[PDB]
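Examining the three-dimensional arrangement
This is what each chain is made of:
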Amino acid sequence: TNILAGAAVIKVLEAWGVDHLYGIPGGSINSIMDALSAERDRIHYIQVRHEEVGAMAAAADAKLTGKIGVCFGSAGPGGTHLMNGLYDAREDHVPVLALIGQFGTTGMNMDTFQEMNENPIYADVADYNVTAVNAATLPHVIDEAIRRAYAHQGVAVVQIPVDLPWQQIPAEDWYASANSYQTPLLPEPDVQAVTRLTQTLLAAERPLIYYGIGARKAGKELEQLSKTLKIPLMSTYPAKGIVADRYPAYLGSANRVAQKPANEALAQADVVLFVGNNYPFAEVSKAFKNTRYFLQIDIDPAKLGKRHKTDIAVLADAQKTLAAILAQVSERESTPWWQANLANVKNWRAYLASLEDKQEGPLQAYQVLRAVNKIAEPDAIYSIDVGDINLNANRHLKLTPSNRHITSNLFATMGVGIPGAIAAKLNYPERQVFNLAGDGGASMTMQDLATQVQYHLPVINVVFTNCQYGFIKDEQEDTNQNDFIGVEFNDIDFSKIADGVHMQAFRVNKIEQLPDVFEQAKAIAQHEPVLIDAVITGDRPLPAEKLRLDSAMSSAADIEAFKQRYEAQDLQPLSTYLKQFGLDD
Amino acid sequence: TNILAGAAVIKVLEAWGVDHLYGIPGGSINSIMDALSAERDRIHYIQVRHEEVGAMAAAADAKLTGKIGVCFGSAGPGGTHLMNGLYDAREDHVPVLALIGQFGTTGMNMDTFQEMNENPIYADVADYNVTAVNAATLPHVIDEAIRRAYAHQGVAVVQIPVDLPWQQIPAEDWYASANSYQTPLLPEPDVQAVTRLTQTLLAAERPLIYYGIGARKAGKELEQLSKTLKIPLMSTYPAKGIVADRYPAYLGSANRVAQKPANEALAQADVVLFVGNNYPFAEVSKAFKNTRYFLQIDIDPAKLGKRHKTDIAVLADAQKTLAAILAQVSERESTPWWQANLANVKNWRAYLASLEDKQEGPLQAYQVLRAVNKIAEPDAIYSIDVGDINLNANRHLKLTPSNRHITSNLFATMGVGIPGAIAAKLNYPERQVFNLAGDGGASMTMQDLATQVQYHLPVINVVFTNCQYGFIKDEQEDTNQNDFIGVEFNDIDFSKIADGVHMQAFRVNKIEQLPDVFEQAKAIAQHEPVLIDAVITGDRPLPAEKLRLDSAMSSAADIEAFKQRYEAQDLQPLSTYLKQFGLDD
Amino acid sequence: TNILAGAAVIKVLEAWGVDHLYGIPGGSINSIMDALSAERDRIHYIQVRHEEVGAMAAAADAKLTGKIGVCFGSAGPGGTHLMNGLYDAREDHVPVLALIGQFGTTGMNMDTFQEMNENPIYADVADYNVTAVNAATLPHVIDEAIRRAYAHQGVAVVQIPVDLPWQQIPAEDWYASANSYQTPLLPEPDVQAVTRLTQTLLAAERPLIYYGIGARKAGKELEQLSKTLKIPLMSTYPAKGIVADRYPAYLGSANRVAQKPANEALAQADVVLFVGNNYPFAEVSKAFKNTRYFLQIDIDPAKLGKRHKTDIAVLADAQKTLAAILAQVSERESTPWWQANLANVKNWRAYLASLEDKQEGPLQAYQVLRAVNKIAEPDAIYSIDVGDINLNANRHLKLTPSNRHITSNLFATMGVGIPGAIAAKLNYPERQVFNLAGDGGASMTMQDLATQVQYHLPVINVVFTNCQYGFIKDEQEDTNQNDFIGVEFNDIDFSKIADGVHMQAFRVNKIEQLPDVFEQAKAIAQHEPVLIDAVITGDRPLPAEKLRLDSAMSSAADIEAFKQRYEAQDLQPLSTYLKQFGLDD
Ligand SMILES: Cc1cc2nc3c(=O)[nH]c(=O)nc-3n(C[C@H](O)[C@H](O)[C@H](O)COP(=O)(O)OP(=O)(O)OC[C@H]3O[C@@H](n4cnc5c(N)ncnc54)[C@H](O)[C@@H]3O)c2cc1C
Ligand SMILES: Cc1cc2nc3c(=O)[nH]c(=O)nc-3n(C[C@H](O)[C@H](O)[C@H](O)COP(=O)(O)OP(=O)(O)OC[C@H]3O[C@@H](n4cnc5c(N)ncnc54)[C@H](O)[C@@H]3O)c2cc1C
Ligand SMILES: Cc1cc2nc3c(=O)[nH]c(=O)nc-3n(C[C@H](O)[C@H](O)[C@H](O)COP(=O)(O)OP(=O)(O)OC[C@H]3O[C@@H](n4cnc5c(N)ncnc54)[C@H](O)[C@@H]3O)c2cc1C
Ligand SMILES: Cc1ncc(C[n+]2csc(CCOP(=O)(O)OP(=O)(O)O)c2C)c(N)n1
Ligand SMILES: Cc1ncc(C[n+]2csc(CCOP(=O)(O)OP(=O)(O)O)c2C)c(N)n1
Ligand SMILES: Cc1ncc(C[n+]2csc(CCOP(=O)(O)OP(=O)(O)O)c2C)c(N)n1
Ligand SMILES: [Mg+2]
Ligand SMILES: [Mg+2]
Ligand SMILES: [Mg+2]
């Protein structure tokens, strides 16, 4: 007969399979809290200590699962605290629903306490942004918000006046269209564009396949096409893991969160196959300036020819198109280009290994990640924060397709380590989860280590304490005339922080302390969360984008200093291998 | 001859007397950081651990001093982290300048890393919101932003492309108009409106003067007019302290962060003089429904007759107008209304005193604030956060006009305790500063306890740990049908948090522990910061807005339960004193 | 007991003294139309043919009277049509209330016909911008909107769901605050600052007083200061008429809608008193590059030191401050500067008169304005459109303090001639009202010549038909390398247009036709609107900003071609006069 509007709303969420949602209560959202209380056995409300962690975790839910992430905040400061999480979702194009509290209709526009016109606040970030003004339509307005967030892969925001969820509406007049939701059966790629793309890729002397997360399902195809046609493989930083890191022709990513082989190969390549990629640096770094042919495959029309003058752009699904190229090619024998790149990758990985393998004295980030690699399970998930850890994790973590790693890819908000590991462990309680965060990123959301304790989420948290905003110090070293300002700061002892939130923790600062501490952490994380605070040296990581190793481009003074500073004595430039296999530079 | 644009900009700030500014560096704001580095002996850059603390502290600067507060943030997530601080400034109408980083002009609109159209993000909160596109005009654009923030008492936002501060501009072509800034000499209030207002106030049988922070300078006038004409005085919560708290006819504030005498008197009053007030609850609580005449004095035309049908509204300065009323009145002898209200205030203060004066057993918020009162210096400044502490601080802190207390008055963002005490101690290094925060408000900005350590700011931090969002639990108790959800949580041991940031701290939970701990804290705070974590009981404070003490309005069962729960056995309703002095109710 | 919400909203408008309002009905604003129908005897609705005319007339009301202009539009297209009128009110800082229709609250957010979230559309232009969601607070929201538009001198926009005006609210609950209304306080001048300003003014060798419409109430003091101290006067184009144009030492306005004496003088001046002026061209034309001392007087702090570094700034009412200067000074004797300037003004006026007094020939703009002046009454109001007509009206109309002229001063929207004239005849039916419009400007709002017929508003409409966008053509001549484009077009016979809307009209093209035609127009306009379509030549008005006259700065060939083109054979540069009185240039 009747039903309360707020109860109907929680049922629309239950209909769309929403398992858990995050927020902090307040008077302006208490009628929705009331509805959640009755249904607490069907949808799990996770109370966070700061709302941006709720919004960031909701984004990570959708990143990991493909399902809509949900968070809420009370009127005014509850809702504006969501901003860094909602912009992350807009930028990383994943579906998120945010509910914002608002004063009742009876007191709106009266200029009463913590009441304002909230609709202008969400206009930029949200794809759908509405203030609900009627309780009977409120279930449809919520269903509308979810349909559009999914369809448009973005943020949908509904500001709800607190009095409407307590109203009665006729129980038969609302529905959730979850039952109509579906995946498209897309057409097969047109055979002539596939053939045209293949010929051009076969005649290339120095070819590359450069893929992004759009090729997430084409792991097998990419790797087989690589070794069948003798084409090196390189990706964007987030596409790391689609092809296993130990694959001998994986060059890594290009630019600063990058690897030496990827950068050098890109400047020599004559034909690039750009697949499901939208690398933001293409134009500003003139990455493709020496490319002769540029071939592209993307599912989205707005991307076609965006990053460079494209010769052939196929609008199609990456995996289908790669499987169709694969189906018309045969083995090619090892070329000079294949051989030179393989030798270069071996030289690089030996460098990274000698850093990782030091066994005594002062702790550096490199060995902390070798110890992370030692205790990692083959399907672990990593929530990585933003800073030097994106660079070091991309070089040292040895991922396979069973792993997941997430960060704030484009907006790049700091603080994402902790919320992402909370979302990961809620979705996958049986998978090992790691949170790799630098000290500045981890202090921005440190209060939510208590949420991991409260909901008993066994996360392995590793904080890299350098008493610096390392990523920025290095930039200041490169651009600034006057001394470093704002990048070195006071120590925070995160094992005391973790103890305050009643979580087990260790602090280490010598390489030799690592093995024991990490074995204890692997065992504690079978049941409880644990934190390791690695006090590391402030060494600058080798800048892949400022290599000074070639005698024809850098003077011997520069090369000696570069080799010295970066312990890069045994690194050879690509040109050494090119000359060796009979190629020029 | 030439000067670099970023150097000229730091000089425009120095010209407007900007002593310190807050932020966190990033690549998109490094050319401004470079300029700050050279001038580090003239403007003090304070690096915070989270940008909302920088924006909130900048707002508190202007709250305390009347001078423009300045903060900055890098592009994307640096700038959106400022939101809770900037909305606080818009709402509390104080001048703040925020500088937002942005990618260089050369890469803007190229869709490159952490680059977006940032101008839509600041459109709602800012009075002035511009992206600077030329380096020669950039000193004028900054000067423009400060002039308007001051003139309009609001937020001015400038998004600066990083490449323009490193450009050369002719040194003679820029200036800062600080030299033209001035206070208006306002006209004296028109003598006939003052006389009309006075007659109506003199004929009132049950009068009240209800003032707000607009009467900040009329402390003497308010108090003398009170005792010369026998008129009780009541204020808004932030106007507490303008007249000393021990003044026998100060009734307190009305509504929930309120006091019993203020609430009861307002329903009996026949003539209200509303002075420099903009109480947000006037309409939604029907506060003035029984008022017969409503007289108002405000400096701002948009306020005149806003909160109620006003009989006489004088547009003038509060202090000038009160001094002019005072100049034409003589002593009146004690009326029944004066006498009844005085007796009622005595009854109330005895209640608050018996709570404060318990000497053993389980710690409650009441005694923690009696201990705060004991060590307080006559001119201490209090940064108060948002939650039950606004209610308890308004009842127990004994302020005088030499004190300052600040919070987020209208927007009411949690987290303001720590940034406000940082701003207070930077401006006034010789004054004792307190930060009174509840546990949920203090965990939102807990990482910046490290900033107090790093810049050596001796703040006394007192955290009230109830393992609850107390203010919200009580609301749920009043409105919600189903059980409490989201308002009780895990303990955080803030003396371990404080130890992690290398600050001295104590944790107490028995009334008898207070005196020693507070004496030690008063002495440590002579040189270092200190934190006390008071573990308190979850007792609900007496709800002044839900009194059940009058036998003619509430049944005896209700009154017994009310008296029992709130240890309010000896509280009498106002009607007892009205009947006693020959007045009806 | 109850009243309808729509009736109370109209009662609030009546209370604030609103006599007339403009708009076009629609389903979404039909409950407001219903209310208006009931009140047709007390408040008068003016139906326009296009909604921007309604917004432009609403703006013109406030410009002419100082009282708030009121306009409305229906949902979607009705409201977006108001845009040019509303930004004109924002830019020329005048109070306007715009009511926007919206679908009822039940249909909102259901994506039904002509229903969209309308609140983001108005966020940039409106000082106050809200959607009403409740019928009982709707009178307060309308009252709030008028208070803020007056106080803030900007636009207030309220979007109203059609159902709410048809609900019954209690009659007892609403009120309008119109009775408490006051204008802002005028600050008083500090005598010490005034003495300093006066000393600097008297020590000047070549002084100028440059005033804007902030000196509206000080024409007497301005002219008196000029005659007593022997200092010439110049104004912004909108300030023309504050001092009578026939005054011998009134130099005119600077830059392009300028008069040659003002431009020449400004370059020689050593001290400028800048009074209630916000000239937008200061910095970009480097106007004050030679001014040794700049003195400013303004009521607004955001303007002090804004346009140039100010040596003495006074924050006070212009009239009060000018009265103070005048009381400290005595008669001075004629200087060379005074005499040089008067001689230059006689030369310039003699030149404009020669263009005006041609008796036979092809018609030019200059003789048509002479014809307007001969039939103009001493207190006529001029609604002027935008284009060359501002340049020509500024040079040829002889205005006194009894006249009024309005245009779109800073937004500068074409189209305003017809709406400004409608509003002026509504407000001042006893005054002669002119509409002086170029053909491009008149074409954009031509349909509302019918509003003048329908409402019997006797306006004299004068269209200047040059078959060009003359103002742009002359800009293309100055900047464009390739041929003229989009500035010359087909003729529209406006007498046939007027005939179509059933108005009396005439078409002229030879100078000798003018006298009889304007005589007849002057007679018809006592009862009916009349239009004259003056077909004029394509002659460029003398560019007062590009004077090729002085032999020592321009070649004899440039000078002769200039004099030939502009019929300026008898003009002398100010240097001739400066030299005659022993001065240098
Ligand atoms: C601190 C920091 C610095 C960074 N530095 C770097 C760096 O130096 N180097 C670097 O590489 N990255 C870096 N990144 C990440 C970077 O900002 C970009 O987000 C990233 O390069 C984008 O990768 P993408 O192209 O794989 O994914 P996206 O930008 O998400 O784009 C995916 C693309 O795939 C297409 N697509 C989707 N599905 C399919 C399908 N099924 N078939 C076909 N096409 C499809 C999409 O349409 C889109 O074009 C950094 C991140 C951080 C946090
Ligand atoms: C958790 C929380 C709850 C709250 N609960 C309450 C509560 O229950 N009770 C309560 O009272 N408050 C409460 N507040 C504060 C409340 O939200 C309002 O901000 C407060 O009531 C406004 O006080 P005000 O009128 O003094 O100041 P403002 O809102 O700042 O307004 C000042 C007024 O003075 C006028 N003015 C300025 N200068 C002059 C002058 N020189 N001469 C004349 N007029 C002048 C201004 O124009 C304006 O009208 C709460 C705050 C928090 C954080
Ligand atoms: C096609 C076109 C071209 C134009 N070309 C020119 C041109 O070449 N030259 C030109 O002059 N104009 C020109 N204008 C007008 C120009 O755009 C500006 O609108 C104008 O210069 C502003 O003049 P103002 O200073 O009088 O008015 P406003 O900009 O309105 O400024 C008024 C000032 O007076 C102050 N004030 C208000 N009241 C008082 C008081 N009581 N006491 C003291 N201070 C007070 C105000 O705060 C403000 O500072 C043109 C307009 C158009 C449509
Ligand atoms: C909220 C936010 N503020 C500022 C930045 C700019 N930023 C990018 S990396 C970085 C420093 C990262 O420092 P930390 O986490 O300590 O790690 P490190 O690089 O030292 O290992 C900063 C400040 C950001 N992206 N997000
Ligand atoms: C950032 C933010 N989120 C949510 C709120 C809503 N809110 C208002 S008071 C309150 C609880 C305060 O709790 P706490 O600080 O623990 O103090 P207590 O009341 O328990 O003493 C909350 C969540 C707010 N105003 N600001
Ligand atoms: C609505 C609008 N569109 C375009 C312009 C640009 N503009 C300014 S003056 C002008 C030409 C004026 O034409 P017209 O009204 O015929 O006058 P003329 O110069 O020919 O006398 C134009 C197009 C404007 N200010 N407003
Ligand atoms: Mg770091
Ligand atoms: Mg609490
Ligand atoms: Mg024209």
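Residues numbered from 1 in each chain as written, not as in the entry; some residues may be left out. Chains lettered and ligands numbered in written order. Part of a larger assembly, values for the part shown. Heavy atoms only, no water.

Looking at the entry header, you'll see X-ray crystallography listed as the method and 2.5 Å as the resolution.

**What about the overall build of chain A?**
In terms of helices and strands, chain A carries 21 helices and 20 strands. Relative to the globule expectation of 25 Å for 585 residues, the C-alpha radius of gyration of chain A, 26 Å, shows essentially globular dimensions. Dimensions of chain A along its principal axes, counting C-alpha atoms only, are 80 × 60 × 45 Å. Evaluated residue by residue, chain A yields a buried proportion of 66% over its 585 residues. Look at the contacts in chain A between residues 6 or more apart in sequence, and 75% of them connect residues 24 or more apart. (Helix = DSSP H or I, 4+ residues; strand = E, 2+ residues; numbered from the N terminus. Rg over C-alpha atoms; globule rule 2.2 N^0.38 Å. Buried < 20%, exposed > 50% of the residue type's maximum accessible area, 1.4 Å probe, protein only. Contact = heavy atoms within 4.5 Å.)

**Details of the pattern of salt bridges**
On inspection of all chains with the given rule, the structure shows 96 salt bridges over all chains. For A:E477, the salt bridge is made with A:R540, and the minimal N-O distance between the two is 3.2 Å. Here A:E477 is found in helix α17 (residues 470–479), whereas its partner A:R540 is found in the loop between β20 (530–535) and α20 (556–565), with 63 residues between them in sequence. When salt bridges that share partners are traced, they join A:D111, B:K306, C:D143, C:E144, C:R147 and C:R148 into one network. (Salt bridge = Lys/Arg side-chain N within 4 Å of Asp/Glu carboxyl O.)

**Digging into the environment of A:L583**
All names here are of chain A. Take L583: it is sitting in the segment after α21 (574–580). For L583, a relative accessible area of 14% puts it in the buried group. With 333 residues separating them along the chain, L583 and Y250 place their C-alpha atoms 20 Å apart. What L583 contacts, discounting residues up to four positions off in sequence, is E205, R206, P336, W337 and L578.

**Some points on the side chain of C:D92**
Residue and element names in this part refer to chain C. Position of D92 relative to the elements: it lies in the loop between α5 (83–91) and β5 (96–102). The buried category is assigned to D92, whose relative accessible area is 9%. Separated by 3.1 Å, the side chains of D92 and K63 make a polar contact. Sequence-distant contacts of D92, that is, excluding residues within four places in its chain, are made with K63, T407, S408, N409 and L410. (Polar contact = N/O pair within 3.5 Å; in protein donor to acceptor, adjacent residues only side chain to side chain.)

**Side note on the coordination of the magnesium ion (ligand 7)**
All names here are of chain A. The magnesium ion (ligand 7) binds to the protein through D439 (OD), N466 (OD1) and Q468 (O); the donor distances cover 2.0 Å. One chain supplies every donor to the magnesium ion (ligand 7), and in sequence these donors are spaced D-x26-N-x1-Q. Note that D439 is positioned in helix α15 (residues 439–444) and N466 in the loop between β18 (459–465) and α17, a separation of 27 residues in sequence. Given a relative accessible area of 16%, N466 falls into the buried group. (Donors = N, O, S within 2.8 Å, 3.2 Å for Na, K, Ca; no water.)

**Here we look at the relation of the copies chain A and chain B**
It takes a turn of 180° to lay chain A on chain B, together with a shift of 0.0 Å along the axis; the resulting RMSD is 0.0 Å. The two molecules are tied by a two-fold rotation axis, judged by turn and shift. If distances are taken from each C-alpha of chain A to the rotation axis, the shortest is found for A:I497, at 2.5 Å. When you check the interface residues of chain A against chain B, 100% turn up at the interface there too, and the contact is symmetric in its surfaces. (Least-squares fit on C-alpha atoms.)

**Focus on the interface of chain C and chain B**
Facing 32 residues of chain C, the contacting portion of chain B comprises 28 residues. Scanning the region where chain C abuts chain B turns up 2 salt bridges. Residue B:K306 pairs with C:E144 through a salt bridge whose shortest N-O separation is 2.9 Å. Inspection of the chain C/chain B interface yields 18 residue pairs in polar contact. Secondary structure elements with two or more residues in the side of chain C that touches chain B: α7 (138–152) and β13 (312–314) of chain C. It is α7(C) that contributes the most residues to the side of chain C that touches chain B, 5 residues altogether. Grouping the amino acids of the side of chain C that touches chain B by side-chain chemistry returns 14 nonpolar, 9 polar and 9 charged. (Nonpolar A, V, L, I, M, F, W, Y, C, P; charged D, E, K, R; others polar.)

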